[PDB]
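Residue numbers (the entry's author numbering), protein chains in the order written: chain I, 5 to 139; chain f, 1 to 38; chain H, 2 to 131; chain V, 1 to 93; chain M, 1 to 135. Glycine included, every Cβ here is placed at the ideal spot set by N, Cα and C.
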Amino acid sequence: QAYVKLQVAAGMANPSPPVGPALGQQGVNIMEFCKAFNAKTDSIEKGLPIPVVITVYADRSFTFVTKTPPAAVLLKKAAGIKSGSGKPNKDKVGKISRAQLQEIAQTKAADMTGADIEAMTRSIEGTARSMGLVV
Amino acid sequence: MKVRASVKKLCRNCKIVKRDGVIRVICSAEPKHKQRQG
Amino acid sequence: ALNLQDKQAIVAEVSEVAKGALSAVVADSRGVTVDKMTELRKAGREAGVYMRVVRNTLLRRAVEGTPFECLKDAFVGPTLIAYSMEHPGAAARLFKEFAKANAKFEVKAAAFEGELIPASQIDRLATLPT
Amino acid sequence: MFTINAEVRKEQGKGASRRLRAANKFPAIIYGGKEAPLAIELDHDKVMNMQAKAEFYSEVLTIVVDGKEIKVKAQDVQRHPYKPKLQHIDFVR
Amino acid sequence: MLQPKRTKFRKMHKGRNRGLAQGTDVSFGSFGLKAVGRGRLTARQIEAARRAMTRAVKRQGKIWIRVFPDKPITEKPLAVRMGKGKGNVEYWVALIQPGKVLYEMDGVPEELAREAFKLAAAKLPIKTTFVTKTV
RNA sequence: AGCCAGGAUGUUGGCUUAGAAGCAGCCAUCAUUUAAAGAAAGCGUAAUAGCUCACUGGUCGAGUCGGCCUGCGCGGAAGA
Ligand SMILES: [Mg+2]
Ligand SMILES: [Mg+2]
Ligand SMILES: [Mg+2]
Ligand SMILES: [Mg+2]
Ligand SMILES: [Mg+2]
Ligand SMILES: [Zn+2]
């Protein structure tokens with residue numbers, strides 16, 4: 005009830021321009037959002053949009069979902085890139101490996117709906133080949 | 001209603017039907033699609 | 002929808018009614034992908050690949066996946082009844098996991114038709130070692 | 001390995017051939033070897049449905065003519081000029 | 001457009017157009033456009049149908065133009081009396097009999113060949129049908 | 001054909017405007033975690049929400065679907 009799957013980068017909290025009222029348009033304001041957003045951003049390593057998923061009941065108290073950041077941006081910090089490459093099969097920018105993707109996706113056991121390791125591996129390699137890093 | 005001399009289905013919702021001896025295309029969604037062979 | 006795939010799924014269903022003593026009524030009417038997601042996530046988490054949320058629930062493909070055993074389980078064919086089999090234990094609590102899958106916010110049309118597991122009464126039997 | 005039923009055609013010319021093509025039965029010939037050629041006529045339905053699949057122009061055919069089977073091979077076909085129709089078929093024994 | 005770069009004689013007879021065609025079989029490609037009617041194509045109509053079918057298949061796979069205009073058709077001007085010589089040579093036609101395969105195509109699906117030859121057949125004066133290769 | 005139904009993770013693909021979520025398209029383009037599952041096929045979406053559908057089961061109980069050769073017709077068809 006009353007949820008969204010959308011977040012901007014967790015290096016900034018109380019993010020009123022990019023998402024903002026996407027989390028606190030309603031009667032719930034953004035003060036517990038920014039406080040506990042920093043409190044959950046301290047857990048997962050930085051440089052990542054660490055997304056929050058809101059629930060609510062008729063008492064204005066709840067416990068959100070603290071999910072892992074996208075593997076898109078885990079590959080971003082893995083390759084040092086933020087704006088990777090426009091038109092991802094024209095210019096050459098790099099190539100990544102299954103072991104490094106295992107090192108990135110070893111901790112996603114409570115976020116991924118996949119009980120296959122090589123599925124996550126070649127799926128994030130396809131993410132890389134859509135990124136610009138043709139494996 | 002565009003009174004074409006060759007009616008032709010333009011989506012999936014369009015249905016070709018025959019009133020009065022002429023052909024018509026009647027559409028449920030888009031009223032631009034409605035045609036008549038005249 | 003295709004003949005040899007229907008025959009090989011008949012072969013898979015008679016091999017798996019050979020395998021599992023836990024054949025279970027899963028009776029969805031409004032079958033949710035997230036109940037399928039937990040039923041497949043726990044399948045991959047505490048099994049290998051053998052477990053599914055299999056729907057081969059045809060009115061006369063159940064009756065010809067039958068004739069290994071349970072030859073009075075053809076009337077459990079029609080009227081929206083589904084089958085899920087799983088091996089280890091005499092009707093292990095993954096039966097109750099699929100039952101909680103058919104009971105999580107669902108439309109109340111599960112009713113546990115029975116599958117003739119112990120040749121016992123029609124009611125729910127949760128008598129297990131645990 | 002197809003079995004086509006033929007019939008021995010009596011008279012040959014422009015006229016009887018066009019009359020056969022009107023009456024749905026295109027003519028054909030069987031030559032080959034030292035024996036004489038033979039003047040057969042076939043239905044059009046069966047042989048167009050056979051020559052659709054491309055094993056007809058490939059393998060050994062078999063013609064039931066007068067009861068007696070003839071092993072034969074399709075050689076050279078004249079089609080219609082502007083239609084999906086057959087005109088004549090050269091067969092080699 | 002499509003004209004012979006050199007000819008023996010400038011102006012040719014009219015001539016009739018009777019008899020059946022020759023190029024009935026689809027020799028080169030795989031999918032051909034067979035003219036079932038009888039008439040004269042021109043250089044304008046051949047270039048129009050070729051650029052239409054090139055737009056249709058989006059320049060993938062080979063096109064074949066089989067008939068080429070080489071018979072000049074002349075036109076006397078306006079406000080000119082009937083005498084005083086055969087008129088000036090204006091444009092070039094190509095005679096088509098029933099059965100002539102005009103365009104061929106390969107390196108395309110069958111259905112895309114159907115759509116392309118429909119799109120180019122609606123810019124030609126003679127009624128045409130579709131045809132495929134046989135063995 | 002109706003009819004009771006259900007219908008993604010990687011991810012919300014890199015981008016680059018502004019938020020990139022199906023819609024802003026290019027370039028990608030698969031492993032299922034597989035009842036069936038679309039990096040969703042469209043729509044107007046301020047991205048925010050979805051509607052469906054692709055497919056699968058229920059129900060129902062005799063044919064149904066789309067191409068070719070055709071015969072006769074239909075529209076195209078307005079003038080003192
Ligand atoms: Mg009226
Ligand atoms: Mg009109
Ligand atoms: Mg004569
Ligand atoms: Mg002459
Ligand atoms: Mg000639
Ligand atoms: Zn319409």
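Boundaries of the beta strand (DSSP E) around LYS15 (chain f): 15-19. At a cut-off of 7 Å, the beta-carbon of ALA29 (chain f) counts as near ligand 6: some heavy atom of the ligand is closer than that.
Listed along the chain, the chain H residues whose CB falls inside 9 Å of the CB of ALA114 (chain I) amount to none; the nearest CB is some 11 Å away. Of the heavy atoms belonging to ligand 3, none sits nearer than 7 Å to the Cβ of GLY32 (chain V). Within chain I, the residues whose beta carbon sits less than 9 Å from that of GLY45 (chain H) are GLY118, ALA119, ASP120, listed in sequence order. DSSP places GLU90 (chain M) inside the beta strand (DSSP E), whose first and last residues are 89-96. Between the alpha carbons of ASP106 (chain M) and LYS58 (chain M) lies a gap of roughly 13 Å. The C-beta of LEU102 (chain M) comes no closer than 8 Å to any C-beta of chain V. Shown here for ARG31 (chain H): same chain residues with a beta carbon closer than 6 Å to its own, the five before and five after excluded, namely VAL108 in chain order. Residue side-chain check: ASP45 (chain V) keeps its Cβ at 7 Å or more from all non-hydrogen atoms of ligand 1. Distances from the CB of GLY19 (chain M) to the heavy atoms of ligand 5 include at least one below 7 Å. Contact between the stretch 110-126 of chain I and the stretch 1-20 of chain f is absent: fewer than three C-beta pairs spanning the two stretches fall below 8 Å.
Relative to ligand 3, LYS118 (chain M) has its C-beta separated by 7 Å or more from all heavy atoms. Among the CB atoms of chain I, one or more fall inside 8 Å of the CB of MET38 (chain H). Between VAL108 (chain M) and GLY32 (chain M), the C-beta spacing is not below 8 Å.
The shortest C-alpha to C-alpha distance from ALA132 (chain I) to any of I:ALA114, I:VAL60, I:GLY31, I:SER89 is the one to I:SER89.
Counting only residues of its own chain and dropping the five nearest sequence neighbours on each side, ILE123 (chain H) has a CB closer than 6 Å to the CB of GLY115.
The C-beta of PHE66 (chain I) has fewer than 16 other C-beta atoms within 10 Å across all chains shown, which makes the residue exposed. A straight line joining the alpha-carbon of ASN17 (chain M) with that of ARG10 (chain M) spans about 20 Å.
Here the C-alpha atom of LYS73 (chain H) lies approximately 60 Å from the C-alpha atom of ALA116 (chain M).
Per the C-alpha coordinates, the member of I:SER20, I:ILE58, I:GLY15 positioned closest to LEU52 (chain I) is I:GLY15.
Shown here for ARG125 (chain H): same chain residues with a beta carbon closer than 6 Å to its own, the five before and five after excluded, namely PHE113 in chain order. Within 10 angstroms of the beta-carbon of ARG51 (chain M) lie fewer than 16 other beta-carbons, which makes it exposed. Burial is judged here by how many other beta carbons sit within 10 angstroms of a residue's own beta carbon; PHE69 (chain H) has fewer than 16 and is exposed.
Between ligand 2 and the CB of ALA5 (chain f), the shortest heavy atom gap is smaller than 7 Å. Relative to ligand 2, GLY21 (chain f) has its C-beta separated by 7 Å or more from all heavy atoms.
At a cut-off of 8 Å between beta-carbon atoms, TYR31 (chain V) makes no contact with chain M. For the stretch 22-49 of chain M, the residues whose beta carbon sits under 7 Å from a beta carbon of chain V are, in order, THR24, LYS34, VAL36.
In the three-state DSSP reduction, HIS33 (chain f) falls in the coil class, being neither helix nor strand. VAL135 (chain M) belongs to the set of residues whose beta carbon lies under 8 Å from a beta carbon in chain V. Identification of chain I residues near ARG42 (chain H) by a Cβ-Cβ cut-off of 8 Å yields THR117, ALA119, ordered along the chain. Membership of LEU27 (chain I) in any beta strand (DSSP E) is not indicated; the residue belongs instead to the alpha helix (DSSP H) covering 25-28. Following the DSSP letters along the chain, one finds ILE26 (chain f) inside the beta strand (DSSP E) bounded by residues 22-26. Close CB contacts of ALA76 (chain I) within its chain, under the 8 Å cut and outside five residues either way in sequence, are with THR131, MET135 (chain order). Contact check for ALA21 (chain M) and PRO81 (chain V): beta-carbon distance about 6 Å, within the 8 Å limit, so the pair qualifies. The DSSP-derived three-state label of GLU7 (chain V) is strand.
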